[PDB]
Amino acid sequence: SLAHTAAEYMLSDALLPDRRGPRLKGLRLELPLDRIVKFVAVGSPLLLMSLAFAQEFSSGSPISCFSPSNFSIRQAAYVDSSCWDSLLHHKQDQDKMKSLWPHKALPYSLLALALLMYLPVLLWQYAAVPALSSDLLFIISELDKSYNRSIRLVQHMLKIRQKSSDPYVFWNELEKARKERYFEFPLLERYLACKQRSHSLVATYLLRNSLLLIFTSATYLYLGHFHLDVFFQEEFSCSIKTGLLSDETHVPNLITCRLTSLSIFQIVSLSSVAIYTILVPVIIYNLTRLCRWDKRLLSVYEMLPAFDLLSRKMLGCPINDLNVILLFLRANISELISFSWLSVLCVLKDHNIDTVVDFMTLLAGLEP
Amino acid sequence: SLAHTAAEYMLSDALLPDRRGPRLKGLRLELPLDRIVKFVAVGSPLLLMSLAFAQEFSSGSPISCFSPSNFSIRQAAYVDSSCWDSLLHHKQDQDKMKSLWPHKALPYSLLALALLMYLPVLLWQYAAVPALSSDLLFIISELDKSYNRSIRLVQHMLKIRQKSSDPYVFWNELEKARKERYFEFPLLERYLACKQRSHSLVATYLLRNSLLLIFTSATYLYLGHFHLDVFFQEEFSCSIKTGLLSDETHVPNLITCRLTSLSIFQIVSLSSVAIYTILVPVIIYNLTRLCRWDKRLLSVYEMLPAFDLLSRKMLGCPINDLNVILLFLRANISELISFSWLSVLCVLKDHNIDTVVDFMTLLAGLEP
Amino acid sequence: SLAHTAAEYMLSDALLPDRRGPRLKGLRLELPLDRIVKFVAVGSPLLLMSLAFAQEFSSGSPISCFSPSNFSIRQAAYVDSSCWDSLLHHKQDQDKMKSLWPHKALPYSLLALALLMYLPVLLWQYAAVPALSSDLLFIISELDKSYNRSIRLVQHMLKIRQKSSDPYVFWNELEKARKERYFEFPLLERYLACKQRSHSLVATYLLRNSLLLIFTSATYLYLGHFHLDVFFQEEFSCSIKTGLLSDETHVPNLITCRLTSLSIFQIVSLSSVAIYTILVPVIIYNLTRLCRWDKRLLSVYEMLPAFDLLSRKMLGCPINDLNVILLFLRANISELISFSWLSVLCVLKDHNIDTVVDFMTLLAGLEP
Amino acid sequence: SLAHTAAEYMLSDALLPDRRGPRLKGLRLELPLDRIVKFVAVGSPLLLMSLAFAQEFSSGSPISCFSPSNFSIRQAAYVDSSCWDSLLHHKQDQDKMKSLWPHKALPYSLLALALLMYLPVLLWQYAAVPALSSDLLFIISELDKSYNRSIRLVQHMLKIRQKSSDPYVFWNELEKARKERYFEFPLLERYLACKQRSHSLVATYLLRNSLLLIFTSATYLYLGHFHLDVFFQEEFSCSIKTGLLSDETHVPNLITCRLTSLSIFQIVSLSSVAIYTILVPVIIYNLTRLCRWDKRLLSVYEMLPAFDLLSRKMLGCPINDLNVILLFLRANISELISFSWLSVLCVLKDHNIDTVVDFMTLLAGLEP
Amino acid sequence: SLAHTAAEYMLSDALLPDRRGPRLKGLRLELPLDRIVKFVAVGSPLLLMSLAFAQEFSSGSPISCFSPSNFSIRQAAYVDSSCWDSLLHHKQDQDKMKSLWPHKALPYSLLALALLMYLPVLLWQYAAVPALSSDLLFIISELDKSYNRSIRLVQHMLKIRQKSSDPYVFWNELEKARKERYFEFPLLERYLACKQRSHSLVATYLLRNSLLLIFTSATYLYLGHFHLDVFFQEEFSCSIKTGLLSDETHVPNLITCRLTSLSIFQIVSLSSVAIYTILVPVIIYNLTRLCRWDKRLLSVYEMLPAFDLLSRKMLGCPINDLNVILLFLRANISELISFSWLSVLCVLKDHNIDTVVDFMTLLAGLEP
């Protein structure tokens, strides 16, 4: 089956024979909702195509004809196969030969839709995967040095607070650590600043979502212009004496042809509208997820030294590559190492009380 | 077969190509009853759909017509394929053209039910799996330090009891250990306290069960409103001269069409009711599991130092995240390490006798 | 084929993707006779279902009709498909319309039997596998310390017997070893003591066997009440003018329908009785196994120190969890380590002669 | 195909998912001729069943009818399907309605034979595999200590023979080694002695062979009583007016049915006789292989110290467990270690010459 | 299916059984656009061939005939199979017997196109893969020595700049490093010098793209010369009395043959034009990609010592092997090692400011 092949040729990963290395293992280069949107918008036309060719209808004939009794078996087969390629309602109302080509082109239309909804995926894989992968690996590598540099080399501050009045050292001493050379990363503040003035991944994300939106609008136009007209039309009077049979003696207007699979066509025309009006607001939500700043976890991120640079860069127009990279990082911060200490600081959600709260919690997070 | 694909596309794990690491190995993120409920409520519509399309009926025709002898083979095939898309019992009792569309839509209805019962599963995997996995890994990591800190570093209490009168040291000495710095964990009492006031996973669990309950109720409404009416209706008098055939000379009311697969429809309509009235009280039991506090094993848990914090937090309204995490932990406490010492203390189920019972058992549980 | 899927979905292990660890490798949680009983009672209905749908009959029609010559091909197909859903022998003896629904429901009855015989298996896997696995692993771990503690640390008794008169030391010295602290396990005598008074797995085993017994009795009732009546009935006079065809001119009583696959039905009705009469006494023997105490190997077990506790606990009512534990242990005692020394002591089957017999055999069993 | 499944469900190993350990790797628990006998007696009925259902006959009809020209297609199909379930030659010679049920039951008979010939295999796997495996592993483990104890620790005898007159030391010195403590195994002479008086595996072997012999005799009786009568009977005059058709006007005795696949039945009835006449004397040879003692290699086995115990036990009634165990050992003695030195001593096949022959050969077999 | 085999025989890698070593792992010997162009230009004819042979049309007959009623079934089958091999419109307009062979040859034409579009791929694999692989491995092997030789052995320049006035040492000291023996590679300037004057791979790339361009032009000529004429021609009057049937009495001019799958032919003739009009400008872009020099990243490459040689050789005619090797290198520069430091220097995109910018960034890129 064609859908069987398209199941793995598309709708999944088509890079390398896998089991290669850290190129894809441990790295999530697609958001979960983006993945589910691609899955639904790619497999649903394929699923409908399979249902058209499924066991629900054991092949048979997609069209039938009421040929007169004088016709033999072969003549009737010819007259019912000559209407499946000359679909023209020769109505008596001049001679408006309305066509019914969408019924024949429905599997081809579904294949075209399936191939069209894979264009945003290919664009994402070819124009954003390498750069975003490099940026994410870079950021992860630079931020994994924020545990052996925020507590282990900052635990002498414990030795100085415990000697003197600890509440006083909690506020009058931290400026020495803040002015230390090793305390802050000397290149993150430049990497992020360089990425702020660049618009390379925001355009790619916006194009990837807008392609799906525009293709959904085109699908609506297709199903509202070509369908919805031949939707309750079940009998069309075709004609075979429109050529070399004109000089014959048999039914000129072979009235009352019938489309056997009209119900399947009607079901598909509604299932390709409902399952896309489901996705219409989801794409808009994905678009708005980039245009809105996030400050819900800034309180704990600002306390950490390395993430202070990310927290400070919170101002300006929302559309920067920093936004996309941060959206991807927050979905990938907890790979194997940050999955053990960053999740600790969720109790701080209510700087007077925050000054003393780390009197026991911060040192209690020691690995041994 | 579509069911063959849906067997692995759904009804199983669809995350990663597996063999990745400790993300899923050794971690049970679904309760066994939840797993069996999902299996039964997802595969049963798929199984019934497969049975409708199985070898039990070698395809054939799902509808038959008593066309007159004047009709040829092609005319009869047309007149029996024009009733499978115009199912309308033109009764003589005005002209109540009762429809029989559920017979046609039954495979589509079963597919819709199968896709609808997978919505709670997807909601669970997308909204609770990461947070609950992080919480369970955190709790397991913090509780695995309760064996090299409850007996190995507490075996000096053995040295102090054996020198003096052991029964006296059994009650006047434990306060020194209870007030020790290392005896109690300094962050568990805050992690659990923070999780008390957060309602995040309790809402997800309630929603996941309520979605299945509401969908079962919707299935009951569907099978009681559309079915149960066309249930003993086997012959419906269709009509084909309702259009371009009106100006013809043949049977106007082609009486006595017949639904060949009515028995299949009747069997499905009862099997989709029985196997869901089976699941109706199980979902309620799953819901009541969370709403009821558990104290059957508090006696041994309170004795252990780390689990004393869990045992003390036993008061309040039942709906907290701690109950969900505890229900998941008690099904996952015995992974590889607690499977050797926690199962020992089942003899204590009847603090005078309990004061002396550990005179030999506690030290006898040594690993060497 | 449905049987092809049910071969692996049921009738085998459905836990984990395997190759995980020591959870199942080296551990036998099902008795061999229980395994073969499940195999036969689960696959036999599936095998009969496959044989009904096998190549032995190339599909065809499960019913045939002697329609008059006036009927066309389509009319005869309709009149032979309108009786596979209206099986009613309209006998002339008032008007006892005896039904022949078991012929239609036989594949569904076989599927119901296959799913019903899997209920005891699911009950065993969900209600007794974890607890029994924990108990067996615990007991094996505690008994593997009975080789480096029964000869290696007891070989100084060789040094004390060889210096003095060895026959005298064979009887006057063993009391010092029997009163030693390390000679006896200090927690086995309590674990087994707690396990005798607990009835948890004995009830599960009784229920698992009784479910199969009750389901076999229900199968006998089903095949004796619904079958055995339509067993030699091959021709039943149907009726098609029982509806909208009443106002027609054709055979009212379309006599002599015929069930083409009656021989298959008769073969199944006897094969599902014989192969369950085979299993009836086997289940009874499985129940008897637990109800009778075993003392055939007590002579050698009592000599060993660790197994002396098991040997002493031989009195009381037979139904205890310890009985099931011992039954599962004796089928799993020889995993990899006891497979080399416990099998040695089979010569002792006839305490005067037994006092001396270990003069050479016991020390000769040394590992080097 | 059913034969496709039975190819791996039977006729092979059905224990564990394999790749487990030394339970089956390197251990041969079935004799090669026993394996070939099981293969031939199990797959041959399966092969004949497949041939009956193979492409050699493209399905078609196993029975044909000479219905009169008045009959239509459906009437003829009914009358040729009503004789395949009412096989009764209504001969005119009173009214001896000879039945031809073996033609219908031949695939079922072949399946019954295939399942019956697998009973001895299951009996062997369930009643003797564990005990024989334990015994063989025990014997191999104890005999692998016969190389570092027969030459390496006996090479000081070389030092004493070379100093004095070597021919004299070849006969007056060996008694000191024969009386040494470490020279002889102190438990093999008791293990074999205990096994001599136990008849456990000999009965199992005799039962396994006798079951196949009795089942072959039953097959002969089946093919000589039910077959060989309907063997040249190709046309039988059936009757359909033996019921509700009695009050009709058509051929009362529908003469001359025909069994289309009679030649297949004739070929099977001879191929299931010849292929078992082939196996009749092989089973008897397997039975006699245990009843006859073996002394062809005693000369070299007696020279070796460990095998001297096996060689000495050369008297008594043949039926003992050591006969079976030695038959299995001689087929498994050369696993990986005895495959290098035991095969050396084949030149000694003609104790005067044997006294000196080891002057160079015995020491030349050194591993370095 | 033939397309199923051609899916893996072509359209993928056909060298070695894979899992061999570093011959293909980590090396990208095809550009992504070249890969996608090959995929589309190879699978699209195969996909159209599959669609012509797919379930969209359940085989049937590719031609139909209006044979007179006197014809039987066999005569009509002969007269409709004698025209699928004698497609000749015997028009009455002298006797222009126009042929319709493209309808018969369309699957063969698609197979020929699929095999023709694979010729450039085979040419690339056989004439450029070994040499280009050797060159790329050589180049990466030589440039991997540009990290432990540009900062680690140049960090003494830090020691000399920090002692004196750092801005002065930034411009008056670098000439000593530039004249050092180890600073510059002594063979890269000769390898590249030899490679500029050699035109070996540029000719191969030009031929590979020009073959696809010429084959697309040939496809256009084929579909514009043979097709587009029999495009709206559905009925052609055949003739069967053109042989030994001339002396017969039946329809001489058997009018109105009909091509049942004409719509499939029309769809293919347009899908093989549009899908290649899509590829026409892409091939031209691939050709121009080498004809244009690249200087967008020269600023950072010139700063690095090893890449200074590549940056300097920027002059001359665009067609050299060096351009091909550079185009392949920039698609493979970030394999596993340059993926961590080369991506750092993207901030430099605006030598006064550049003199000081490395005051902190260059040393901050240290591996520890």
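Residues numbered from 1 in each chain as written, not as in the entry; some residues may be left out. Chains lettered and ligands numbered in written order. Part of a larger assembly, values for the part shown. Heavy atoms only, no water.

Listed as the method for this PDB entry is cryo-EM; the listed resolution is 3.58 Å.

**Q** Looking at this structure, I do not really get unusual backbone geometry. What am I missing?
**A** The general pattern is negative phi for most residues beyond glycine and trans for most peptide bonds. Of note, B:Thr256 is a non-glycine position whose phi angle comes to about 65°, a positive value. The residue B:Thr256 is located in the loop between β4 (235-236) and β5 (257-259) in this model. Here C:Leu16, not a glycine, exhibits a phi torsion of approximately 65°, which is positive. Its location among the elements puts C:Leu16 in the loop between α1 (2-9) and α2 (32-52). (Helix = DSSP H or I, 4+ residues; strand = E, 2+ residues; numbered from the N terminus.)

**Q** Explain the interface of chain D and chain C to me, please; I cannot follow it from the model alone.
**A** By convention, interface size is frequently given as the accessible area that disappears when the constituent parts associate. In this assembly, 41 residues from chain D lie in contact with 45 residues from chain C. For the pair chain D and chain C, the two sides together bury roughly 4,000 Å², of which 63% comes from carbon and sulfur. Where chain D touches chain C, the interface holds 1 salt bridge. Across the salt bridge formed by C:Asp80 and D:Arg74, the nearest N and O atoms sit 3.8 Å from each other. (Contact = heavy atoms within 4.5 Å. Buried area = accessible area lost by both parts, 1.4 Å probe. Salt bridge = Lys/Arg side-chain N within 4 Å of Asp/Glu carboxyl O.)

**Q** Please clarify how the nonpolar core should be interpreted in this entry.
**A** Looking at soluble globular proteins, one finds that nonpolar side chains tend to be buried together. If you look at the biggest cluster of nonpolar residues, it comprises 45 residues, and the most contacted ones within it are B:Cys83, B:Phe236 and B:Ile240. Excluding residues that lie within four positions of it along the chain, B:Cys83 makes contacts with B:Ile63, B:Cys65, B:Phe236, B:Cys238, B:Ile240, B:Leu254 and B:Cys257. (Core = buried A, V, L, I, M, F, W, Y, C linked by side-chain atoms within 4.5 Å. Buried < 20%, exposed > 50% of the residue type's maximum accessible area, 1.4 Å probe, protein only.)

**Q** When you look at a nonpolar patch on the surface in this model, what are you seeing that I'm missing?
**A** A cluster of nonpolar side chains, contributed by A:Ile73, B:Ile73, C:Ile73, D:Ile73 and E:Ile73, occupies part of the molecular surface with about 410 Å² of accessible area. One can find D:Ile73 in helix α3 (residues 73-81). (Patch = residues over 30% accessible without salt bridge, like charges linked within 9 Å, V, L, I, M, F, W, Y side chains within 5 Å. Areas by Shrake-Rupley, 256 points an atom, 1.4 Å probe, with all protein chains shown as cover.)

**Q** I tried to follow the side chain of C:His103 on my own but got confused; where do I start?
**A** Within the secondary structure, C:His103 is located in helix α4 (residues 101-117). For C:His103, the residues in contact, after removing those within four places along its chain, are C:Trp84, C:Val230, C:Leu259, C:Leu262 and C:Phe265.

**Q** How should I be thinking about the relation of the copies chain D and chain C in this particular structure?
**A** For these two chain copies, the linking operation is a rotation about an axis paired with a shift along it. Screw-axis analysis of chain D against chain C gives a translation of 0.0 Å along the axis, an RMSD of 0.1 Å, and a rotation angle of 51°. Comparing contact sets, just 2% of the residues at the interface of chain D also lie at the interface in chain C, consistent with a heterologous contact between different surfaces. (Least-squares fit on C-alpha atoms.)

**Q** What is the right way to read the arrangement of the chains from this model?
**A** Contact between chain A and chain D is absent, and the minimum C-alpha spacing across the pair is 18 Å. Chain E makes no contact with chain C, the minimum C-alpha separation between the two being 18 Å.

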